[PDB]
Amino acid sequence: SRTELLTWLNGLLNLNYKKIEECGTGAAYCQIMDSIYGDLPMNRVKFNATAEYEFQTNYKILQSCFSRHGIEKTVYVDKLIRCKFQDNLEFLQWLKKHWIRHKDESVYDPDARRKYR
């Protein structure tokens, strides 16, 4: 559920999200992928974005990550970027599964990776 996922995400990345809709900015999605692959351009991810044009940048970074690593999963930016509940709920559900299956043994420091943003 949304509550179970949000709690998981907040603990994983040391975030304080209250609604699934907040994942629509694409920043959290990028960092979940960074925790798994560690080659995301975190400095260029607009982590605390408020303007849609900035969300667009996050999604292009996310899409580039999928392409670089040969991830076949679909990413419908047009649906997610509007911060709609259902679309983001579904994408986050898949991301958690991807994380479970691919996150290795190394420790991840979400705060340091974001330069404490």
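In this text, residue numbers run from 1 along the sequence as written.
Q. Which is higher in the entry, the mean Cα B factor of 83-91 or that of 31-39?
A. Per the deposited B-factors, the answer is 83-91.
Q: Can you let me know which of the two, 20-28 or 105-113, has the higher average C-alpha B-factor in the entry?
A: Per the PDB record, 105-113.
Q. Looking at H69, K73, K60, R44, which has the highest CA B-factor as recorded?
A. Of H69, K73, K60, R44, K73 has the highest C-alpha B-factor.
Q.
Please say which third, lowest, middle or highest, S64 falls into when its CA temperature factor is compared across its chain.
A. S64: CA B-factor falls in the lowest third of its chain.
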